[PDB]
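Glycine also receives a Cβ, built like all others from the backbone with ideal geometry; neighbour counts cover every protein chain displayed. No lab work stands behind these numbers, since they all come straight from the coordinates.
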Amino acid sequence: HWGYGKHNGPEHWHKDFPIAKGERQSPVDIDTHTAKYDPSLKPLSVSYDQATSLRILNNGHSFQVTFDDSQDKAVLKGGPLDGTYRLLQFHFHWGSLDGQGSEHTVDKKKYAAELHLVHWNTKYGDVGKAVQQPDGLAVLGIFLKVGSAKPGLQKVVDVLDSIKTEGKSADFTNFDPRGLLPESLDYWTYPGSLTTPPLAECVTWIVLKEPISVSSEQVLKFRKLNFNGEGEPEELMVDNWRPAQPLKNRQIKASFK
Ligand SMILES: CCCC(=O)Nc1nnc(S(N)(=O)=O)s1
Ligand SMILES: CCCC(=O)Nc1nnc(S(N)(=O)=O)s1
Ligand SMILES: [Zn+2]
């Protein structure tokens, strides 16, 4: 089964998910000098006031916080998007050290981690149907650098000891994802894919320019998670990021000058 190890990592994924060598794979390097400012791009609309978080889960490749997506409660609209996208879950990708961990890079710069808020287009009714559509998902990507703590992240970090190993989950209600957002909603956008299997080419990527700062203590708690299930040889959940993929016939657009 797929993972991030020597023998099952991103370089192996194409064997089970041949779309890994496709025409709109993610992540990519964002060359800031080649991204073109698009004045037609609308401001992003992030409406998270009524978000209902449900559970936090270790799925063996990341940890994710899941939300109630049975109603327009936490929605993403505007920006490059047509229509309304419901927040399904967020999760992170991080490194073994602070110089790696993000999936997207900015002028080849890797960040310590990358937060992905995954949303699906309500015109497709459910996420499984949306993953089959070229405009089915919108993932909001936010870079994490190490410095000052992010207070809005602390409730996440403090529960990770209860989901150390693959398959553990816990109630995680009343978490407000607005506490994970940077000040600016300036973004880059491009058509891409899921960055984990099945690597489906269904994502409008919206990557924020402004990183959030998290503390070394906060990221160290990410790195104490395990890829393995309980009772298995302990393999620390670190470096769960896919490297940048060929841009091919794609243009990255910037919402800002
Ligand atoms: C689509 C069903 C649930 C889901 O969210 N699957 C994802 N697979 N990769 C994602 S990423 N790293 O691009 O945000 S999300
Ligand atoms: C537009 C949604 C679907 C998509 O974009 N891509 C894929 N269709 N089959 C794939 S496999 N077996 O490689 O994972 S991927
Ligand atoms: Zn992700």
Report task. For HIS61, work out the one condition from (1) under 22 Å from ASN226 (Cβ atoms); (2) more than 16 Å from ligand 2 (Cβ to nearest atom) it doesn't fulfil. Result -> (2)
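Criterion first (surrounded by 14 or more Cβ atoms within 10 Å (Cβ to Cβ), over 22 Å from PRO80 (Cβ atoms), among the basic types (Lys, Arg) and without any contact (Cβ under 8 Å) to a residue 40 or more places away in the chain) does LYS168 satisfy it?
Judged against the criteria, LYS168 is not a match.
Somewhere in region 202-221, is a residue under 26 Å from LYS6 (Cα atoms), more than 16 Å from ligand 1 (Cβ to nearest atom), surrounded by fewer than 16 Cβ atoms within 10 Å (Cβ to Cβ) and among the charged types (D, E, K, R)?
Within region 202-221, the subset under 26 Å from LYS6 (Cα atoms) is 219-221.
Add one more test, that the residue is more than 16 Å from ligand 1 (Cβ to nearest atom), and what stays is 219-221.
Subset that is surrounded by fewer than 16 Cβ atoms within 10 Å (Cβ to Cβ): 220.
Subset that is among the charged types (D, E, K, R): none.
No.
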Report summary line: If we ask which residues in region 85-106 are closer than 24 Å to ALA35 by Cα and more than 9 Å from ligand 1 (Cβ to nearest atom), their number turns out to be 7
Report summary line: Those residues of region 207-231 which are away from ligand 3 (no atom under 13 Å from the Cβ) and under 30 Å from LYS257 (Cα atoms) amount to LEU208, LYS209, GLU210, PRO211, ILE212, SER213, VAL214, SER215
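How about region 158-195: which of its residues are in a helix (DSSP H, G or I) and within 16 Å of ligand 3 (Cβ to nearest atom)?
Initial filter on region 158-195 (in a helix (DSSP H, G or I)): 158-163, 177-180.
Within region 158-195, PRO177, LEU180 qualify.
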Query raised in the report: If the Cβ limit is 6 Å and pairs must be 6+ apart or interchain, which residue in region 173-187 that is closer than 14 Å to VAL207 by Cα pairs with which residue that is in a loop (DSSP other than H, G, I, E, B) and among the hydrophobic types (A, V, I, L, M, F, W, C)?
Result: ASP186/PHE256
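Here is a check on your reading of the model: is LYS42 touching a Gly at 6+ places or on another chain (Cβ under 6 Å), loosely packed, with under 13 Cβ neighbours inside 10 Å and assigned to a loop (DSSP other than H, G, I, E, B)?
Working: touching a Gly at 6+ places or on another chain (Cβ under 6 Å): yes; loosely packed, with under 13 Cβ neighbours inside 10 Å: yes; assigned to a loop (DSSP other than H, G, I, E, B): yes.
When the stated conditions are applied, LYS42 passes them.
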Query - Total residues in region 115-137, condition over 12 Å from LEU194 (Cβ atoms) and within 14 Å of ligand 3 (Cβ to nearest atom) - result: 3
Query raised in the report: How many residues are outside any loop (DSSP other than H, G, I, E, B) and acidic (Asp, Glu) if we restrict to region 1-39?
Result: 2
Query raised in the report: Quick one: would you say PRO198 is within 16 Å of ligand 1 (Cβ to nearest atom), assigned to a loop (DSSP other than H, G, I, E, B) and surrounded by fewer than 20 Cβ atoms within 10 Å (Cβ to Cβ)?
Result: yes
